[PDB]
């Protein structure tokens, strides 16, 4: 699909068996999802953006369906105000910025 930017580019994702709404974010290096339970060992990481840093749990090799497209990669879990799909997964689904 070709997404216009008049509004937030929100899509439905499936992760860990749950359905969630997330933002397709070209400005995000990594994907960050609100607090939830995921299987596996994880390692702590600090992620910084506007306003500062938050502590997150880094889970590797997580499968996520984005708008119906299966993808695999690292997912950071923590206190984010919105679910964000970053470049690490956008590349996997072949997303591009066009103008």
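Residue numbers count along the first chain shown, from 1. Whichever C-alpha set is largest while still superposing within 1.5 Å between the two forms counts as the rigid core.
Taking the rigid core as the alignment reference, the C-alpha atoms of 32 to 40 lie farther on average from the displayed form in 5 other deposited structures of this protein than those of the other stretch among 64 to 72 and 32 to 40. Looking at mean Cα B-factors across 64 to 72 and 31 to 39, the upper value is held by 64 to 72. Averaged over their C-alpha atoms, the temperature factors of 16 to 24 and 78 to 86 are higher for 16 to 24.
Sorting the modelled residues of the chain by their CA temperature factor places residue 2 in the highest third.
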